[PDB]
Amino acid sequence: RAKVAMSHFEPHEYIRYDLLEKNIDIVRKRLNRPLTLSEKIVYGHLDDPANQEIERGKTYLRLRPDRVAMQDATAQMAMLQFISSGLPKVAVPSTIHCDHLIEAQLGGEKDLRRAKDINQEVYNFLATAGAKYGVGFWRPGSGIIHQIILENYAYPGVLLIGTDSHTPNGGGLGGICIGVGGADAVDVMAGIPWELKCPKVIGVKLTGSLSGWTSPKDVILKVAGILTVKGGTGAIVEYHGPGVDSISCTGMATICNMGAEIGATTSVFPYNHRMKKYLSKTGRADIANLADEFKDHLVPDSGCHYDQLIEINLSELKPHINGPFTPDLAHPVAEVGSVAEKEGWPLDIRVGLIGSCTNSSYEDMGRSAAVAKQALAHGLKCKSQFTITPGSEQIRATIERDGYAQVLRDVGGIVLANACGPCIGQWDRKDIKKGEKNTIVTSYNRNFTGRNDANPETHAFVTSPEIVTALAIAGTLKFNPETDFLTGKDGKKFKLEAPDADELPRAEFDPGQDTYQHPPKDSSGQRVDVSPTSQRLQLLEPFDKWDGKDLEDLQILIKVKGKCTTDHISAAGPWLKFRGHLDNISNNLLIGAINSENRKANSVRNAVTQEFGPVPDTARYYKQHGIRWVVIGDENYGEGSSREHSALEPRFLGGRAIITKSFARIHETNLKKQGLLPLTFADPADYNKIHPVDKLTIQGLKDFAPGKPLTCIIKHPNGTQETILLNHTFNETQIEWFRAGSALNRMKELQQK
């Protein structure tokens, strides 16, 4: 066909749209109905399109992804599992991005130099394991994983998986990009089919066009408020309608990115002329030309059916700000000042932060510079502290060149390294004491308790970068950029004009400094060294195979009340230091979850000693003494980040099952991957039948089967027993992971030994 390479770094790996077309056509001859765009790209990547059972929301699809991307906080454990497999080389194009371990403190270059010293051992391990197994390596300072992928690797029709829940960002260039845990990434790197539950499809029809202060971020802040954090579970969100051509390619990536906060499997936009333009300005005009020849397969079929349809008229959409606490608590910027006042949320903004993968594009930086230049023209600077995170080295070099970084420094901002930084709590914040109630506004995406600075009382609101800039200049939530007046230096009241700026540089992008390291795919004689006394890296010892018996008289470690995110289960911030060391990071297990017994975090009753203490310590005591335990949770358990450490840590400390009213998708898969039993109540009111003091027996593991519930006997202390039924979503592939002790153990059994 055409021989167009997948990227500039893999000149010999060609885009297979011929394959995509062939598979789409086998499938539509079987289904005889129009296909949505996400169905075309997902079913076009089936391992066996002729025989695959296809029912939305019901069957597990066996898929062949085109490439794997990892960032350094999840790559360590994905590579330690790949090293246990014993396999010599990765089977698909794979990259590691070093963006999560650079702490914001002094700003830019200074923080990057310090991170390279402090994290030497880890950057070393990832670069060496990358060279050995054939994984491309983007060095610290290169940029945030998703901005590097949009700029270099995402293209229309790609199926990409990434070990990060904001991998959907790549949907802004028409590809299906899905967040997974490290063991799912090991499957694909090892060459075995990846399984995904066939998604439902929510269609969002965009009408009109954005104007004034409204930006792409407002579309997904509105959709999150409508669908809520659990409304997208099990579905792909597919944006369509005439309003789509009104949004820039990076704007579309912003909207797909934050679809992770409603639990969506991913989000996607159809290939159009704004994506073409972006591909050409990022050196990929040949890929835009080939996608023009396969365009019919890169847009939805006429008359395709969405399981749910939402319509948003972009011309009536006004600026939003969401939070504090949850990303679906949506408010117009015009009313947040009065709601804050009413709810007792601090009105004064201590810090304004722009960037993160969600909003760190060239257009985002130009729109923020456009607000800031107006303030400067009246002799003002930010009243709040103000930080700017460029998404990649190319964006940092280009906004530096085109003058936007200096405008942002002149209003009082500090430019941080091209890294996650304050977005996952890698921030040496000293302006508030811990426990001090305060408000920060960001252009990020999640705003869960203690995620940016480990202070539970920080009220974090997420909005667009131009509104963070306007509010940082005013210093208060009680400021609406569209209506209100600031007073300049000269005494005159003035109003901010709505920002206007170019979507892409007129000139070319300046690539900045060299940051990619290609694998020698010749030589590869690397020894990966993991010191046996390291506190940051530790090789894995395989989990135990199932004993063949039912699980009797299980102790409840904790019955959790309410929201239980993967940041509650395995916190980030300071704990990122131990992401390659399973025993050391397991000391954060469930320390943020609220115990229903006392409503406290990290205080559970030890059943033997009858002392209340830390959850990690209590789980290790039970494991030392042979007491097998269970976690009981509420709705949407495991919401958020994809970190498989939330599943590895309960397995390591002796847990056996997690029983909840419902699971977020990625965490439920990660639990199954690690040999645990994720089970849901067949009747959710049964959550109220179980008391912290009860022992539980799970029966029927011997004839464990797809679609057959398991029986749970609740043993009450007074002698009463009650039987309830528990549902599971295991298929036979997955029951094999459980019987082997983990998916990695099963894979190693298939290697004939």
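In case it trips you up, residue 1 is the first one in the sequence shown, and so on.
- The question of which stretch, 715-723 or 691-699, has the higher mean Cα B factor is settled in favour of 715-723.
- Per-stretch averaging of Cα B factors for 187-195 and 206-214 places 206-214 on top.
- For the set 182, 562, 344, 259, the maximum C-alpha B-factor listed in the entry falls on 344.
- Take 640, 134, 422, 488 and read off each C-alpha B-factor from the entry; 488 has the highest.
- Residue 707: CA B factor lies in the highest third for its chain, per the PDB record.
- In this PDB entry, residue 166 carries a Cα temperature factor that places it within the lowest third of its chain's modelled residues.
- Ranked by Cα temperature factor within the chain, residue 431 sits in the highest third according to the deposited record.
- When the modelled residues of the chain are ordered by C-alpha B-factor, residue 339 sits in the highest third.
- When the modelled residues of the chain are ordered by C-alpha B-factor, residue 628 sits in the middle third.
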